[PDB]
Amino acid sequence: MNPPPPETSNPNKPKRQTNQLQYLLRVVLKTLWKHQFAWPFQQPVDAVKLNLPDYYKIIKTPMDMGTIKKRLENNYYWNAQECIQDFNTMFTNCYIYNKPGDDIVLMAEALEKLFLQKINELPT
């Protein structure tokens, strides 16, 4: 059984459009999406399809790049830090559910380095 996926809209949450959030979509997310290791992270973890019945027993704050992409497109975030926190939650969940040296962890490690390279400098 899968939980409902994270929300991508919420009417009582205030929205903002900023240069940094536009760059997080155009540059950060859309470039990481194309990496050879992006595919496990492009959609919420489907525990039924992937046969991970313990995934949501361990991961209580799921996050993925599909959700982040919709949140950016739907102007869900207030600021860049809120979006950056969702990328960090996605990487940390991968480390928590797995073990050092696992293939999925090697993938998340490489994507996290690319992510940090791209958010080291943001637009004004």
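In this text, the rigid core denotes the largest set of C-alpha atoms whose superposition between the two forms falls within 1.5 Å. So that there is no doubt, residue numbering starts at 1 and follows the sequence shown.
Between 8-16 and 99-107, the one whose CA atoms sit farther away in 6 other deposited structures of this protein (rigid core aligned): Between the two stretches, 8-16 moves farther in 6 other deposited structures of this protein.
Comparing 68-76 and 47-55 where Cα RMS over structures and residues is taken in 6 other deposited structures of this protein (core fit), larger one: After the core superposition, the stretch with higher RMS deviation in 6 other deposited structures of this protein is 47-55.
Between the two ranges 13-21 and 104-112, the one averaging a larger CA B factor in the entry: Result of the comparison: 13-21.
B-factor third for the C-alpha atom of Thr31 within its chain: It falls in the middle third of the chain.
B-factor third for the C-alpha atom of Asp54 within its chain: CA B-factor rank for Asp54: highest third.
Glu82 by Cα B-factor - lowest, middle or highest third of the modelled chain: It belongs to the middle third of the chain when residues are ordered by C-alpha B-factor.
Cα B factor band for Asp64 (lowest, middle or highest third within the chain): It belongs to the lowest third of the chain when residues are ordered by C-alpha B-factor.
Ranked C-alpha temperature factor of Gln42 among modelled chain residues, by third: Lowest third.
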